[PDB]
Amino acid sequence: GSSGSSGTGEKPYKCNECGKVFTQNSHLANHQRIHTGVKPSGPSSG
Ligand SMILES: [Zn+2]
């Protein structure tokens, strides 16, 4: 199962999605936001 060598890098917080890194955790989490659907469902109107 895709048991290949695609993901080298020992970091505390890395956005595997793109390949970035953030000292803090929140930074990475908030960033991952762009790596997922963000349709205007809540009280937001785009
Ligand atoms: Zn990213």
# chains A, B, ... in the order shown; residues from 1 in each chain; ligands from 1
>>> residues_around(residues="residue 12 (chain A)", least_positions_apart="4", cutoff="10 Å", atoms="only C-alpha atoms", output="ChimeraX atom specification")
/A:21-25,28
>>> closest_atom_pairs(of="chain A", to="ligand 1", cutoff="12 Å", atoms="only C-alpha atoms and all ligand atoms", output="Markdown table")
| residue | atom | partner | partner_atom_place_in_ligand_line | distance |
| --- | --- | --- | --- | --- |
| A:13 | CA | ligand 1 | 1 (Zn) | 10.6 |
| A:14 | CA | ligand 1 | 1 (Zn) | 8.0 |
| A:15 | CA | ligand 1 | 1 (Zn) | 4.6 |
| A:16 | CA | ligand 1 | 1 (Zn) | 7.0 |
| A:17 | CA | ligand 1 | 1 (Zn) | 5.3 |
| A:18 | CA | ligand 1 | 1 (Zn) | 4.4 |
| A:19 | CA | ligand 1 | 1 (Zn) | 6.3 |
| A:20 | CA | ligand 1 | 1 (Zn) | 5.8 |
| A:21 | CA | ligand 1 | 1 (Zn) | 8.3 |
| A:22 | CA | ligand 1 | 1 (Zn) | 10.0 |
| A:27 | CA | ligand 1 | 1 (Zn) | 10.1 |
| A:28 | CA | ligand 1 | 1 (Zn) | 7.5 |
| A:29 | CA | ligand 1 | 1 (Zn) | 9.1 |
| A:30 | CA | ligand 1 | 1 (Zn) | 9.4 |
| A:31 | CA | ligand 1 | 1 (Zn) | 5.8 |
| A:32 | CA | ligand 1 | 1 (Zn) | 5.4 |
| A:33 | CA | ligand 1 | 1 (Zn) | 8.2 |
| A:34 | CA | ligand 1 | 1 (Zn) | 7.0 |
| A:35 | CA | ligand 1 | 1 (Zn) | 6.3 |
| A:36 | CA | ligand 1 | 1 (Zn) | 10.0 |
>>> write_last_selection(atoms="N, CA, C and O atoms", output="mmCIF file, in the first residue's frame")
data_model
loop_
_atom_site.group_PDB
_atom_site.id
_atom_site.type_symbol
_atom_site.label_atom_id
_atom_site.label_comp_id
_atom_site.auth_asym_id
_atom_site.auth_seq_id
_atom_site.Cartn_x
_atom_site.Cartn_y
_atom_site.Cartn_z
ATOM 1 N N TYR A 13 6.175 20.283 12.740
ATOM 2 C CA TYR A 13 4.966 20.691 12.034
ATOM 3 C C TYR A 13 5.263 20.970 10.564
ATOM 4 O O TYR A 13 5.859 21.991 10.221
ATOM 5 N N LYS A 14 4.841 20.054 9.698
ATOM 6 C CA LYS A 14 5.057 20.200 8.263
ATOM 7 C C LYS A 14 3.775 19.917 7.488
ATOM 8 O O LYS A 14 3.118 18.898 7.706
ATOM 9 N N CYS A 15 3.426 20.822 6.580
ATOM 10 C CA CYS A 15 2.222 20.669 5.770
ATOM 11 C C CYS A 15 2.481 19.750 4.580
ATOM 12 O O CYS A 15 2.537 20.200 3.437
ATOM 13 N N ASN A 16 2.638 18.460 4.858
ATOM 14 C CA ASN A 16 2.891 17.478 3.810
ATOM 15 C C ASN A 16 2.136 17.837 2.533
ATOM 16 O O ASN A 16 2.643 17.649 1.428
ATOM 17 N N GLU A 17 0.924 18.357 2.696
ATOM 18 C CA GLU A 17 0.101 18.743 1.556
ATOM 19 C C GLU A 17 0.924 19.507 0.523
ATOM 20 O O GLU A 17 0.995 19.116 -0.643
ATOM 21 N N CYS A 18 1.545 20.598 0.959
ATOM 22 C CA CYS A 18 2.364 21.418 0.075
ATOM 23 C C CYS A 18 3.848 21.184 0.336
ATOM 24 O O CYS A 18 4.643 21.076 -0.597
ATOM 25 N N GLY A 19 4.215 21.108 1.612
ATOM 26 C CA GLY A 19 5.603 20.888 1.973
ATOM 27 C C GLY A 19 6.194 22.054 2.740
ATOM 28 O O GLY A 19 7.371 22.379 2.580
ATOM 29 N N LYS A 20 5.377 22.687 3.575
ATOM 30 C CA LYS A 20 5.825 23.825 4.369
ATOM 31 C C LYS A 20 6.094 23.408 5.812
ATOM 32 O O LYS A 20 5.892 22.251 6.182
ATOM 33 N N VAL A 21 6.549 24.358 6.622
ATOM 34 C CA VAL A 21 6.843 24.090 8.025
ATOM 35 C C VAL A 21 6.580 25.320 8.886
ATOM 36 O O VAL A 21 6.844 26.449 8.472
ATOM 37 N N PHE A 22 6.057 25.094 10.087
ATOM 38 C CA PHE A 22 5.758 26.184 11.008
ATOM 39 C C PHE A 22 6.205 25.838 12.426
ATOM 40 O O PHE A 22 5.908 24.757 12.937
ATOM 41 N N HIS A 27 -0.117 27.529 13.595
ATOM 42 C CA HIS A 27 0.274 28.043 12.286
ATOM 43 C C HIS A 27 0.007 27.011 11.195
ATOM 44 O O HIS A 27 -0.565 27.328 10.151
ATOM 45 N N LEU A 28 0.424 25.774 11.443
ATOM 46 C CA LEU A 28 0.232 24.694 10.482
ATOM 47 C C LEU A 28 -1.250 24.364 10.322
ATOM 48 O O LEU A 28 -1.749 24.229 9.206
ATOM 49 N N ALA A 29 -1.946 24.239 11.447
ATOM 50 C CA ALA A 29 -3.371 23.930 11.433
ATOM 51 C C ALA A 29 -4.148 24.963 10.624
ATOM 52 O O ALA A 29 -4.877 24.617 9.696
ATOM 53 N N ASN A 30 -3.987 26.232 10.983
ATOM 54 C CA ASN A 30 -4.676 27.316 10.291
ATOM 55 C C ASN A 30 -4.322 27.324 8.807
ATOM 56 O O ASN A 30 -5.149 27.675 7.963
ATOM 57 N N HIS A 31 -3.091 26.935 8.495
ATOM 58 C CA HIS A 31 -2.628 26.897 7.112
ATOM 59 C C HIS A 31 -3.342 25.798 6.331
ATOM 60 O O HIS A 31 -3.799 26.019 5.210
ATOM 61 N N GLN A 32 -3.433 24.615 6.930
ATOM 62 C CA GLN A 32 -4.090 23.483 6.289
ATOM 63 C C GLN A 32 -5.482 23.868 5.798
ATOM 64 O O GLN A 32 -6.071 23.175 4.969
ATOM 65 N N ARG A 33 -6.000 24.977 6.315
ATOM 66 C CA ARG A 33 -7.324 25.453 5.930
ATOM 67 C C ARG A 33 -7.445 25.551 4.412
ATOM 68 O O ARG A 33 -8.479 25.201 3.839
ATOM 69 N N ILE A 34 -6.387 26.028 3.768
ATOM 70 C CA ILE A 34 -6.375 26.171 2.317
ATOM 71 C C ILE A 34 -6.324 24.809 1.631
ATOM 72 O O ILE A 34 -6.657 24.684 0.452
ATOM 73 N N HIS A 35 -5.906 23.792 2.377
ATOM 74 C CA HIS A 35 -5.814 22.438 1.842
ATOM 75 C C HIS A 35 -7.092 21.655 2.123
ATOM 76 O O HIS A 35 -7.046 20.480 2.488
ATOM 77 N N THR A 36 -8.235 22.313 1.950
ATOM 78 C CA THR A 36 -9.526 21.679 2.186
ATOM 79 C C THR A 36 -10.671 22.585 1.752
ATOM 80 O O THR A 36 -10.515 23.803 1.666
#
>>> select_by_dssp(residues="chain A", states="helix (DSSP H, G or I)", output="ChimeraX atom specification")
/A:25-35
>>> write_last_selection(atoms="N, CA, C and O atoms", output="CSV table (one decimal), in the first residue's frame")
chain,number,residue,atom,x,y,z
A,25,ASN,N,2.2,25.0,16.2
A,25,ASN,CA,1.2,24.1,15.7
A,25,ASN,C,0.0,24.8,15.1
A,25,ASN,O,-0.4,24.4,14.0
A,26,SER,N,-0.5,25.8,15.7
A,26,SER,CA,-1.6,26.6,15.2
A,26,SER,C,-1.3,27.1,13.8
A,26,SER,O,-2.2,27.1,13.0
A,27,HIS,N,-0.1,27.5,13.6
A,27,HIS,CA,0.3,28.0,12.3
A,27,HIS,C,0.0,27.0,11.2
A,27,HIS,O,-0.6,27.3,10.2
A,28,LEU,N,0.4,25.8,11.4
A,28,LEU,CA,0.2,24.7,10.5
A,28,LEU,C,-1.2,24.4,10.3
A,28,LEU,O,-1.7,24.2,9.2
A,29,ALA,N,-1.9,24.2,11.4
A,29,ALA,CA,-3.4,23.9,11.4
A,29,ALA,C,-4.1,25.0,10.6
A,29,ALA,O,-4.9,24.6,9.7
A,30,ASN,N,-4.0,26.2,11.0
A,30,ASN,CA,-4.7,27.3,10.3
A,30,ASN,C,-4.3,27.3,8.8
A,30,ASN,O,-5.1,27.7,8.0
A,31,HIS,N,-3.1,26.9,8.5
A,31,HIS,CA,-2.6,26.9,7.1
A,31,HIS,C,-3.3,25.8,6.3
A,31,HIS,O,-3.8,26.0,5.2
A,32,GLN,N,-3.4,24.6,6.9
A,32,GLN,CA,-4.1,23.5,6.3
A,32,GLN,C,-5.5,23.9,5.8
A,32,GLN,O,-6.1,23.2,5.0
A,33,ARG,N,-6.0,25.0,6.3
A,33,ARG,CA,-7.3,25.5,5.9
A,33,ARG,C,-7.4,25.6,4.4
A,33,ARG,O,-8.5,25.2,3.8
A,34,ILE,N,-6.4,26.0,3.8
A,34,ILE,CA,-6.4,26.2,2.3
A,34,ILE,C,-6.3,24.8,1.6
A,34,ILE,O,-6.7,24.7,0.5
A,35,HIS,N,-5.9,23.8,2.4
A,35,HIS,CA,-5.8,22.4,1.8
A,35,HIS,C,-7.1,21.7,2.1
A,35,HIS,O,-7.0,20.5,2.5
>>> select_by_dssp(residues="chain A", states="strand (DSSP E or B)", output="PyMOL selection string")
chain A and resi 14-15+20-21
>>> decode(residues="region 7-44 of chain A", atoms="N, CA and C atoms", output="CSV table (one decimal), in the first residue's frame")
chain,number,residue,atom,x,y,z
A,7,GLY,N,8.2,11.0,1.7
A,7,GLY,CA,7.9,11.7,2.9
A,7,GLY,C,9.0,11.9,3.8
A,8,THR,N,10.2,12.2,3.3
A,8,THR,CA,11.4,12.3,4.1
A,8,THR,C,11.5,13.7,4.8
A,9,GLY,N,11.7,13.7,6.1
A,9,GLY,CA,11.8,15.0,6.8
A,9,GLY,C,11.3,14.9,8.2
A,10,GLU,N,12.2,15.1,9.2
A,10,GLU,CA,11.8,15.0,10.6
A,10,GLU,C,11.5,16.4,11.1
A,11,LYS,N,10.3,16.8,11.0
A,11,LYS,CA,9.9,18.1,11.5
A,11,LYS,C,8.7,18.0,12.5
A,12,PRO,N,8.6,19.0,13.4
A,12,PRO,CA,7.5,19.0,14.4
A,12,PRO,C,6.1,19.4,13.7
A,13,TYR,N,6.2,20.3,12.7
A,13,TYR,CA,5.0,20.7,12.0
A,13,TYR,C,5.3,21.0,10.6
A,14,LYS,N,4.8,20.1,9.7
A,14,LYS,CA,5.1,20.2,8.3
A,14,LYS,C,3.8,19.9,7.5
A,15,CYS,N,3.4,20.8,6.6
A,15,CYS,CA,2.2,20.7,5.8
A,15,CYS,C,2.5,19.8,4.6
A,16,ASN,N,2.6,18.5,4.9
A,16,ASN,CA,2.9,17.5,3.8
A,16,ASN,C,2.1,17.8,2.5
A,17,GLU,N,0.9,18.4,2.7
A,17,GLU,CA,0.1,18.7,1.6
A,17,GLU,C,0.9,19.5,0.5
A,18,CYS,N,1.5,20.6,1.0
A,18,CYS,CA,2.4,21.4,0.1
A,18,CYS,C,3.8,21.2,0.3
A,19,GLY,N,4.2,21.1,1.6
A,19,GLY,CA,5.6,20.9,2.0
A,19,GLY,C,6.2,22.1,2.7
A,20,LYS,N,5.4,22.7,3.6
A,20,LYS,CA,5.8,23.8,4.4
A,20,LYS,C,6.1,23.4,5.8
A,21,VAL,N,6.5,24.4,6.6
A,21,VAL,CA,6.8,24.1,8.0
A,21,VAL,C,6.6,25.3,8.9
A,22,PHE,N,6.1,25.1,10.1
A,22,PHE,CA,5.8,26.2,11.0
A,22,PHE,C,6.2,25.8,12.4
A,23,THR,N,6.9,26.8,13.1
A,23,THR,CA,7.4,26.6,14.4
A,23,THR,C,6.3,26.2,15.4
A,24,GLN,N,5.2,26.9,15.3
A,24,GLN,CA,4.0,26.6,16.1
A,24,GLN,C,3.1,25.7,15.4
A,25,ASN,N,2.2,25.0,16.2
A,25,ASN,CA,1.2,24.1,15.7
A,25,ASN,C,0.0,24.8,15.1
A,26,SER,N,-0.5,25.8,15.7
A,26,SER,CA,-1.6,26.6,15.2
A,26,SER,C,-1.3,27.1,13.8
A,27,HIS,N,-0.1,27.5,13.6
A,27,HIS,CA,0.3,28.0,12.3
A,27,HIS,C,0.0,27.0,11.2
A,28,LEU,N,0.4,25.8,11.4
A,28,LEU,CA,0.2,24.7,10.5
A,28,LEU,C,-1.2,24.4,10.3
A,29,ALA,N,-1.9,24.2,11.4
A,29,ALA,CA,-3.4,23.9,11.4
A,29,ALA,C,-4.1,25.0,10.6
A,30,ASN,N,-4.0,26.2,11.0
A,30,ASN,CA,-4.7,27.3,10.3
A,30,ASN,C,-4.3,27.3,8.8
A,31,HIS,N,-3.1,26.9,8.5
A,31,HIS,CA,-2.6,26.9,7.1
A,31,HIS,C,-3.3,25.8,6.3
A,32,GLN,N,-3.4,24.6,6.9
A,32,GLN,CA,-4.1,23.5,6.3
A,32,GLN,C,-5.5,23.9,5.8
A,33,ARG,N,-6.0,25.0,6.3
A,33,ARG,CA,-7.3,25.5,5.9
A,33,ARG,C,-7.4,25.6,4.4
A,34,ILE,N,-6.4,26.0,3.8
A,34,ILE,CA,-6.4,26.2,2.3
A,34,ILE,C,-6.3,24.8,1.6
A,35,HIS,N,-5.9,23.8,2.4
A,35,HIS,CA,-5.8,22.4,1.8
A,35,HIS,C,-7.1,21.7,2.1
A,36,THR,N,-8.2,22.3,1.9
A,36,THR,CA,-9.5,21.7,2.2
A,36,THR,C,-10.7,22.6,1.8
A,37,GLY,N,-11.8,22.0,1.5
A,37,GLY,CA,-13.0,22.8,1.1
A,37,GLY,C,-13.3,23.9,2.0
A,38,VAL,N,-13.6,25.1,1.4
A,38,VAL,CA,-13.9,26.2,2.2
A,38,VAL,C,-15.1,26.9,1.7
A,39,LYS,N,-16.1,26.2,1.4
A,39,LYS,CA,-17.4,26.7,0.8
A,39,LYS,C,-18.1,27.5,1.9
A,40,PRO,N,-18.8,28.6,1.5
A,40,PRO,CA,-19.5,29.5,2.4
A,40,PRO,C,-20.8,28.8,2.9
A,41,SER,N,-20.6,28.0,4.0
A,41,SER,CA,-21.7,27.4,4.6
A,41,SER,C,-22.2,28.1,5.8
A,42,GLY,N,-21.3,28.5,6.7
A,42,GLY,CA,-21.6,29.2,7.9
A,42,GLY,C,-22.3,30.6,7.6
A,43,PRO,N,-22.2,31.5,8.6
A,43,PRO,CA,-22.8,32.8,8.4
A,43,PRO,C,-22.0,33.7,7.4
A,44,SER,N,-21.0,33.1,6.8
A,44,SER,CA,-20.1,33.8,5.9
A,44,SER,C,-20.8,33.9,4.5
